[PDB]
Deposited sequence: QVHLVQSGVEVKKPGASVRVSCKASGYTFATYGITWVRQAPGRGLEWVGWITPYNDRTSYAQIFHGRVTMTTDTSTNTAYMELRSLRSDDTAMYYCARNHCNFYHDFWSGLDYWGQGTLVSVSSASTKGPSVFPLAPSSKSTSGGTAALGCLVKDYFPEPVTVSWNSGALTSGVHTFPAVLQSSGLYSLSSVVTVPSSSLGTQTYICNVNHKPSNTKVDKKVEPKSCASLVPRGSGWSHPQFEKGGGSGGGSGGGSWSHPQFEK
């Protein structure tokens, strides 16, 4: 019956600031704290800090002093984390979670309920739609290369969703330009290369790009 719901994805330029919200339901918000934890891509959980609303006290990890502000709004039962002076290495998933201080036994608690996470991405790249190129040749492989786009995400289907077995769409890689590329491939019988048509459907909503590409032997 407890839920923490966070605000959506943020794409920010270096030097900007970001605010993330965390909306509580199902408990008496003013008797628990809110904790924020950060996770850079491929890395571990990093404590940011906590805020307790019944005394407005906050504790931040030293590295965030002067750059992070947590607040709570007891009138909307919402917690906020603001991070200022963003740098590329602030790119991370930011979680809110519920903690408390047990006053009977005098100990700080674990984090029992978690928000779903807010991805904050920091870079100087600008929105750009992808170029879509064919990947053309027992079992045969074919695909589409979805190159030089920003920001995430892209969705890829094959034959408008009618082809799902053997499809592999790879996590995007960040290129040194700051743009992303990915490939999507499918394994098919070499028998079928002349008979069946293969089209990859690429959708990049941030740039209003929808491409169908026919991949031929």
Exercise for review: Could you sort out which parts of the deposited sequence are absent from the coordinates (no C-alpha) and give them as ranges from 1?
Suggested key: 138-144, 225-264
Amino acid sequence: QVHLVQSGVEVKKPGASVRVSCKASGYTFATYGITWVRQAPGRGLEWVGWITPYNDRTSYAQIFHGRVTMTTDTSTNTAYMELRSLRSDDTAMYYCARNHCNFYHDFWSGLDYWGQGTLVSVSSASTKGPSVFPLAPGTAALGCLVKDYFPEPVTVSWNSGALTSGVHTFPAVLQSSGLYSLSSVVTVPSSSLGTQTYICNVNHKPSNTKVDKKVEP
From here on, numbers count along this sequence of modelled residues.
Practice item. With reference to the PDB entry, specify whether the mean Cα temperature factor is higher for 114-122 or for 143-151. Key: 143-151
Revision key, fill the gap. Higher avg CA temperature factor (85-93 vs 105-113, as deposited) belongs to 85-93
Check your understanding: Highest CA temperature factor in the entry: which of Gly33, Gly49, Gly178, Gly26?
Key -> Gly178
Practice item. Check where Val20 lands among this chain's C-alpha B-factors and tell me if it's the lowest, middle or highest third. Key: lowest
Study note, to complete from the structure: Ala40: C-alpha B-factor third of its chain, per the entry, is the middle
Point to revise | CA B-factor ranking of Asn99, expressed as a third of its chain | key: lowest
Revision key, fill the gap. Sorting the chain's modelled residues by C-alpha B-factor and splitting them into thirds places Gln62 in the middle
Point to revise | CA B-factor placement of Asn159, once the chain's modelled residues are sorted into thirds | key: highest
